[PDB]
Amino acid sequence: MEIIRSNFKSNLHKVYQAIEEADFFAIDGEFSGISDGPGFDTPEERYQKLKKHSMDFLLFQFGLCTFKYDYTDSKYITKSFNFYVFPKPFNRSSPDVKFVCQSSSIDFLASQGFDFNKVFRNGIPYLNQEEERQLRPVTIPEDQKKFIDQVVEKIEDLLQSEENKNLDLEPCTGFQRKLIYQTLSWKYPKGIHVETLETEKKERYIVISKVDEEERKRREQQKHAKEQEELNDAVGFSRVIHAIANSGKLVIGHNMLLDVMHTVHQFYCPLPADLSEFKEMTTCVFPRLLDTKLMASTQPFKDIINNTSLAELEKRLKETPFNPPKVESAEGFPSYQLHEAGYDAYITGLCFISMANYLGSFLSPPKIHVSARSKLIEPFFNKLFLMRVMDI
């Protein structure tokens, strides 16, 4: 499903439900670009370069593929989503976000059909952890006497007459508007609510209305209600990420450092000054990670896999000894060939599954199916590649 601004909240339950039911998810990103210019680096030194020359780019498509096993059918049911995100400034005090684009990146996505209007014209907005807290006496001159008598006389033809009527006065001058407001403050102190509405242009007509004192409070706790909505909306796609973090479920990627860096930098909190505290901060968002590149680089998979690119991986993992897992999408959900985050997460998940069930081939007796909760898969958890294999 193509989830965008106008259909995000409308789909949020479906996503939540997908996340809650899932045995594991698979994720991917699509970026504005990679680097704005530029071997013996240390992880911390490298981390520092990435933070400087890659974080000014944008993750503007988040691909999430849910995977739920069905032990009756022995098959996985999937649900892939593509979320288009864009930092659409909420208030008039919000930061005006500047980001960078790499022409060859835009060009490649363009070559795959990426719809930039889905990001730039109608992208789901978002806020990070901090941007959320942050965001949380009476004289009437002789020449107006009849004018005001008339108005009071109408207001008495309102307090009596039946129907929840609205008396709306025909346009008058600012002076007369002042004399009217003042005259109603000592003549109808409670039970009447005055307003200055606009027909086409320049607020010139007044609306007087019979307004209960209990209904002043209805409209207020109704206005406050829509206010907590506007806020809780603007956190936007970060709600999805929150839901994944809290799920506790295994999150799968392929060559996923920038996926993760970008995810946490835009939806959680701006990347901290140090690799060490970044690892911690990462165990917040993604307490249970697995990269499929490294898994397909580590034994017993190293012994048979020569290219660990996502592309070659999914080619390889259909042939012996690996079996392509039986998979199908949820009724109602789309199916699958050009590149997009959603599909890449999907392909990523098939790779994982296919490797996982392979580990099971070495048991006695051999298990055709291995869980993501299996402990055979735990050795491959929380290892990311900076300048070498790195624990998280």
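Throughout, we count residues from 1 along the sequence that is shown.
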query: Size class of the missing deposited segment between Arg136 and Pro137; finding: 10 or more
query: Interval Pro38-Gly39, deposited residues with no coordinates in the entry (none, 1 to 3, 4 to 9, 10 or more); finding: 4 to 9
query: Mean C-alpha B-factor comparison - 282-290 and 162-170, higher one; finding: 162-170
query: Higher-scoring stretch by recorded Cα B factor average, 106-114 or 171-179; finding: 171-179
query: Selection from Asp259, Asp149, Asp143, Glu130 [criterion: highest C-alpha temperature factor in the record]; finding: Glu130
query: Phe99, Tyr205, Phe120, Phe83, ranked by C-alpha B-factor: the highest one; finding: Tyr205
query: Third of chain Cα B-factors occupied by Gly332; finding: middle
query: For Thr78, the third of its chain into which the C-alpha B factor falls; finding: lowest
query: Among modelled residues of the same chain, the CA temperature factor third for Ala311; finding: middle
query: Modelled-residue ranking by C-alpha temperature factor, third containing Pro365; finding: highest
query: Assigned third (lowest, middle, highest) for the C-alpha B factor of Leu317; finding: middle
